[PDB]
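No lab work stands behind these numbers, since they all come straight from the coordinates. Every residue, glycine as well, gets a Cβ built from its backbone with ideal geometry; the counts of neighbours run over all protein chains shown.
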Ligand code: HEM
Ligand code: HEM
C-alpha cells in the first residue's frame, strides 16, 4: 500500500535480538551478526577468526559442504561473510520463498559447524592467498600496522592471519573460538524482505548455545606506536592517529563532523599530485582519528607536515560556524546515501540491533548529529594535537618523517 | 681521499616487536651511549663486566641474560639481550633491568670493579691469540687512529679509570631514553612504556 | 586430467608426435620426405607381405 | 647431467625398465613368467628365422 | 515475489517539445540520483576526432561559463551531492546523487554542464597531460588492454575498433575547438535522457527540466537522430606477447545480436550457466560451472568471466580468463568445450538454475537509486522504453533447454571467433586450432 | 542356529591376514574410495598402518610369518578406516545423486 | 600505451570480396564456409572412392 511496516525487534529469552523489515523488495536477505572477531585472540590461536571467516563453506551437521554450496546455488542464493576486528556478519541473499530454502544452510553454517580436521587442514593454505590478494592494496597493509602501533593488547591484533601461523590453526581452536563467541547473548537474526514472525519461527531452531557473554575481549590499552615498512613502491602511504572516539560515546558525532569539517582543508593545502584524507574508526571500547596520506615519495614529508598543520590550526579556532553546517549536512547525506543499497542498509539495521538493541530513526539520528556542533569540532581537533600519537607507513619513506619530528 | 660520508647517526626511542611464537623470547634493550675512541668507552666495558653475574644471578627458571655493548664511530649502544622462556620473559626482563637500575644507585663495591677491570685485560689478551682475531686488532686501529696502543697502555687505560664511573655509566642508562627489540611469542613480554 | 588425449599412455604418444608437436613454421617442402619415406615403408611392407603370400 | 645413463634418450629407456625400475620386494616366483615369456619369444623368433632359412 | 514485482511502481516517461525524454521512478528514499545519459560514445568519433568525448569528460566538471570551477565544485560539495559519470563506445552519462530535496538544483546543475562547459583554454591544456598520464595507468591494467585489443581485432577497420580514450597523438593535440565541435554535435535533446529515481515526483522533474533545458529545434535534422554505419565483425586474433608478465590473459568471442534482439535473454541465460570463477570462492563443488569446477580440480586459471557485451546493432558474446603461463591451453580447451556442450547437449536441470541466478542478478541490477537511474537512462536510450523486472521475468522465465541450445548454437557453433591475448602466451595454440574448437565431433 | 559371529571368527582365522600382523582394514584394496578414506585418516594411524603394511611385505618377502603370540586376535582387530571409508562412500552417493 | 595500436589492413589485401566494412560479415559467410567445406567434402568423397 504505502510500503510502511515498522521494523519489528523482539529480544528472545536468550538475548538473541531479532529484527526485521518487510520493504516489499522482490529479493530479500537474512543475516546473522555476531560480536566475534580477532579482537578476542591471544598470542596463540591468532588468525583463528580469519580462518573461521573462510570455513564458511565447510561441512556442518545439517548439510554437507557439497549440499550447502550447490544447495544455495540451485536457488540463485549468495552465502558470504563480512568480518571486522570485533564483529562478524554472516549474510545470504535470494528471493521469493527461496529464502525459506536458503535459511537451512545459514542456520547450519553459524551454529552447527563441525569443522573436520581434514577439511580445515585442506583449507588453511587458502589464507596464504586470500591474504595475498587483499594486500595488493597498500591501504590495507598500513591499517594492519596502524592498529599494531595503536594498541598493545587486543584490537591491536591483525585482521588477516599472520604469516607464521598459517598451517597451524587447529580444528579445535575453531570450535573453541566459536563455542565461546557465537552465543545468543551476542547474536542477532536480522533480515529484510521478510515477515517478522516468519523470521522468528527460525530463531527457535537457531538455539545451540545459551552461552550468554561467553569470552570477553580485554579492554584495549593504548600505545604510542610507530612502525615503518621500507619497500620503495615509489609512493608513501602514511597514516597518523590519536586515541579517541567510541561507538555510542557522545564524543563521537563530533569527529564525524570534524571528519568532514576536515578534508578540503588538508586537501586544499599542499604541493604536487597526491591524496590526503581524515581517518576515523569508532570501536567498542576505543577508537582512532587522524588521516592517511598517499603522496609521492620525496614529497611525502611536505605532504604529511601539511595535512598535519591543518589538523593542528583547525583546533586553534580555524572553523567558521559555516564549515560546521556544511559538514553536519554532508553526514546527513552520506548516511542517507550509504543505506540505499539494501546490503549496506541491512548492515545498519543489524549493527544497532546488536550493539544497543534499538533503532534510532533517521529523524533522531539527525537530531543527534544536529544536536551538537562547533563548540566541539574546534575542540575535537585539540584533543588530537595534544594527545599522544601513533603513526604507520609504507613505501620508500627515506624522505618521510617520524612522529618525534611531528 | 674522504669520498662519501655517512650522515651523523641521529638517535631514536624505537620499539619493534616480531610476533612469531618460537617458544622463547629474545629481548634486547639499549640506550644511546658509547663511541669508539671516546673516553666514556672503557667505562661500559668495565660495567659490561661489572654487570652480568648480577643480572644472571638474579632470576627465576631456565634462561640466559647478558649485558649488551656496541661502540660505533659516532655513536654506540648499551643494555642487554635476554633469551628467556616465553611466559617467564616478563619476569626475566624486568629483573635484568632492575639490576642495571640499582647498579647505578650505588650497588658496586670497589671490588667488583677490580674483578671486571681484570677480566677485560684477559678477554683482550685472550681474543688476540688467534692471529686472525689479532690481525683484526692491528688493523682496526691502523684504520681508525693510525697508531698502535701497546698492551701496556691499553691496560694503563682500562686501569686508568674505574668506580667513579661504573656507578655513573649505569645512571646514564636508567635515565636516558631507551629503545627495545624482540622476537618470539611475546604475549607475556612488556613494552618499554612498562619499562 | 581433462584433455584425456594428453593423459592416456598411448594417445599421449601420438598427440605428442603428430599433434601438439612443435614444428618450425618456415619448414620447407624438402622436409616432406621423412613423411613419404615412412609411408613409403608402410606401402612396401604391405604390398610385399601380400605378394609374399604367392 | 652426471649419470649419463639417465640423460641419454635410449639408455634412459633401459635404465628405467631393467634398472632403477621400482619393483616390490615381496614379488613371488610367479612373477618370473613375464620375463620367460619374453625370452621365450626372442628364442622362437631366432630359431624360427634360422629355420625358415631352409 | 511475483506480487512484489507486480507491486513495483511504474516508471514515468515523457518527451519535451524539445526532444529530451524525461523518465523516473518515484520511491520514498530521502535520497535520489538524477542525471542525463547521452547517445554518444567513442564510436561516434573520427580518426582525428577520437578521444574528444573523453577529453570532454575530464572537463565536464571543471566549471561552466555561468559558474567557473571554484564555484561549481564548491556549490556541489556544499550541498553534499555527488557528481560522477562515464563514457563507453555508444553511451555516455553524467549523474548526481542528492537528497531529492534538490531535483530542481541538481537538474539545473546538470543542464549547465551538458550545455555550457567552460572549456577554459587554460584548463584543457592541463587535463591534456592528466589523461596522457591517466592513460599510461589504464595501460598496465592487462585486464582492460586485453578487451580493447579484443574489440580492436573483433571490429577491425570500423568505428567500434577505436578505444574509448583514444590515441596519445589525438589527446596530445585535440583543439579547444574540436572539443566544442564534439559537444555541439552530439549533446542534443533527441539523443539525451534525463532520468531519476528517489523521492522525486515526475511533474516537479519535468517542469524543472522543461525549464532549464530550453532547447529549440528549427530544421528537421536537429529533430532527427542519425543511425551509425554498421560494424563488420571479423574472425581473427591479435597476440601481444611478453613472457615478462606474471600471467597471461585470453579473450575469445563471437558477434552478438544487439540490444533490440530478444535472444539476448536466452543468450544471457546461457552465460549464467558457465558463470565465473575466482580463486577466492570456496567451491570444488560449485554447482555446474564445471568450467569453474574443472578450473579448480586441475588448477586451470586465476579467474574467468562470461560476458554478453552488446551494442546498438551488434555485440560480443564471449569469455575471458586470466591464467599462468603453463595452464593457458587446458583452460582454453576445457572452456571452449563448455560452449559446445552449452549449445549441443544442455539440460533443464541446468537452465533452471541459470534462470534463477539471472533473476537474482536481474533484480540486484537495481539495488539503490544511482543504479536504477542507470536502467531508465539506458533502457530508454537503447531499447526504446523501460523493461520492468516484471517483464524481464517472463522474457527469461520461459527459456527452456532446447531454447538455449537452438540459440547458443545459432551464435556459436562453427563460427570464426575473435581472440586476443597479452602476456606469456607461448602455450596458446594457433588460430586454426581454437577455430576447430568451435565444432564438436558430435 | 549357527552364529554369523561364530562364522566371522572362523573366516577371520581362516583368511590368515593376521599371521602377518595386519588388521582387516590393512588389506582392503585401494580403489578410489579407500584412497580418499586413507587420506583423511589421522596421522597417528597412518604411520601405524604404514609400518604394519611394510612389516607384512617384508615377512612375505622372506616367506616367513609372525610368531603365534603376535597374531592379532579377532576380537582386538581395530576397524580404523571403516568409519571414514563409510562417510566417503555416502558423501559420494549424495553427489552421484544430486548431479542427476 | 596500447590505445596507440591498430590492426593492419587485410582489406582486399587478403579478404575475399564479401568482406569490406559497413556490411555484415555474417550474411556472407555461411556461404564462405559452404564453399570451403564443399571442397573438403569433395576430397573425402574422392578419396573414399
Ligand atoms: C623395405 C621394403 C622393401 C623393399 C625395399 C623391397 C624391394 C623389393 C625388390 C627390389 C623386389 C624385386 C621386384 C622385381 O622382381 O623386380 C622385391 C621383391 C619381393 N619382395 Fe620386397 N621389398 C621390400 C619389402 C618386402 C617385404 C617386407 C615383403 C613381404 C614380407 C617383400 C616380399 C617380396 C617378395 C615375395 C618379392 C618377390 C616377388 C617379386 O619380386 O615380384 N618385400 N622387393
Ligand atoms: C612366436 C613364435 C613362434 C611360434 C609360437 C612358432 C611355432 C611353430 C610351430 C608350432 C611350428 C611347428 C613345428 C613342427 O613341425 O612340429 C613352427 C614351425 C615353423 N616355424 Fe615357427 N613359430 C614361431 C615363430 C617362428 C618365426 C618368426 C619363424 C621364422 C621367421 C618361424 C618359422 C617356422 C618355420 C620355417 C617352421 C617350419 C619348420 C618346422 O616346422 O620344423 N617360426 N613354428
*Hey, among the residues in the range C:22-54 that are more than 16 Å from ligand 2 (Cβ to nearest atom) and assigned to a loop (DSSP other than H, G, I, E, B), which one's surrounded by the most Cβ atoms within 10 Å (Cβ to Cβ)?*
C:27
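Do we find that residue E:332 is surrounded by fewer than 23 Cβ atoms within 10 Å (Cβ to Cβ) and more than 10 Å from every other protein chain (Cβ to nearest Cβ) in this structure?
Details: surrounded by fewer than 23 Cβ atoms within 10 Å (Cβ to Cβ): no; more than 10 Å from every other protein chain (Cβ to nearest Cβ): yes.
No, not satisfied.
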*Could you list, in sequence order, all residues of the range A:102-129 that are away from every other protein chain (no Cβ under 14 Å) and in a loop (DSSP other than H, G, I, E, B)?*
A:112
*Within the range E:224-237, identify whether any single residue is within 14 Å of chain G (Cβ to nearest Cβ), part of a strand (DSSP E or B) and closer than 25 Å to residue E:45 by Cα, and answer yes or no.*
yes
*What number of residues within the range E:331-373 satisfy the criterion of being under 22 Å from residue E:95 (Cα atoms) and either in contact with a strand residue (DSSP E or B) (Cβ under 8 Å, 6 or more places away or on another chain) or outside any helix (DSSP H, G or I) (or both)?*
10
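The rows are residues; the columns are (1) surrounded by fewer than 12 Cβ atoms within 10 Å (Cβ to Cβ); (2) closer than 28 Å to residue E:168 by Cβ; (3) more than 7 Å from chain E (Cβ to nearest Cβ).
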site: G:1; (1), (2), (3): no, yes, no
site: G:7; (1), (2), (3): no, yes, no
site: G:10; (1), (2), (3): no, yes, yes
site: G:23; (1), (2), (3): no, no, no
site: G:37; (1), (2), (3): yes, no, yes
site: G:42; (1), (2), (3): yes, no, yes
*asked:* Which count do you get for residues in the range E:147-157 that are facing another protein chain (nearest Cβ under 9 Å) and either out of contact with any helix residue (DSSP H, G or I) (no Cβ under 7 Å at 6 or more places or on another chain) or loosely packed, with under 15 Cβ neighbours inside 10 Å (or both)?
replied: 3
*Would you check if there is a residue in the range A:333-350 being away from chain E (no Cβ under 14 Å), out of contact with any strand residue (DSSP E or B) (no Cβ under 6 Å at 6 or more places or on another chain), surrounded by fewer than 21 Cβ atoms within 10 Å (Cβ to Cβ) and not in a helix (DSSP H, G or I)?*
no
*Failed condition for residue A:185, given (1) more than 13 Å from every other protein chain (Cβ to nearest Cβ); (2) over 26 Å from residue A:116 (Cβ atoms); (3) buried (at least 19 other Cβ atoms within 10 Å of the Cβ)*: (3)
*Could you check how many residues of the range A:351-376 are outside any loop (DSSP other than H, G, I, E, B) and under 24 Å from the mean Cα position of the chain (by Cα)?*
11
*From the residues in the range D:24-54 that are within 29 Å of residue F:61 (Cβ to Cβ) and within 14 Å of another protein chain (Cβ to nearest Cβ), which one is nearest to ligand 1 (Cβ to nearest atom)?*
D:31
_Cβ-Cβ under 7 Å, sequence separation 6+ or interchain: first residue in the range D:39-54 and under 26 Å from residue D:18 (Cα atoms), partner in a helix (DSSP H, G or I) and within 8 Å of ligand 2 (Cβ to nearest atom). Which pairs?_
none
*What number of residues within the range A:139-156 satisfy the criterion of being part of a loop (DSSP other than H, G, I, E, B) and either touching a strand residue (DSSP E or B) at 6+ places or on another chain (Cβ under 6 Å) or within 30 Å of residue A:18 (Cβ to Cβ) (or both)?*
2
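Only one of these is assigned to a helix (DSSP H, G or I), surrounded by fewer than 18 Cβ atoms within 10 Å (Cβ to Cβ) and away from chain A (no Cβ under 14 Å): E:75, E:137, E:108. Name it.
Details: E:75 fails: away from chain A (no Cβ under 14 Å); E:137 fails: away from chain A (no Cβ under 14 Å).
The unique qualifying residue is E:108.
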_Here is a check on your reading of the model: is residue D:7 part of a helix (DSSP H, G or I), away from ligand 2 (no atom under 16 Å from the Cβ) and either away from chain F (no Cβ under 14 Å) or loosely packed, with under 10 Cβ neighbours inside 10 Å (or both)?_
no
*From (1) crowded, with 23+ Cβ neighbours inside 10 Å; (2) within 14 Å of chain G (Cβ to nearest Cβ); (3) in a helix (DSSP H, G or I), pick out the condition that doesn't hold for residue E:209.*
(2)
*Which ones in the range A:171-186 are over 16 Å from residue A:50 (Cβ atoms) and not in a helix (DSSP H, G or I)?*
A:180, A:183
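Filter the range C:10-21 down to residues that are in a loop (DSSP other than H, G, I, E, B) and either under 23 Å from residue E:337 (Cβ atoms) or in contact with a helix residue (DSSP H, G or I) (Cβ under 6 Å, 6 or more places away or on another chain) (or both), then give me how many there are. Steps first, answer last, please.
So in the range C:10-21, the residues in a loop (DSSP other than H, G, I, E, B) come out as C:10, C:15-21.
In the following step, the residues that additionally are either under 23 Å from residue E:337 (Cβ atoms) or in contact with a helix residue (DSSP H, G or I) (Cβ under 6 Å, 6 or more places away or on another chain) (or both) were identified as C:10, C:15-16, C:18-21.
Residues that pass the stated criteria total 7.
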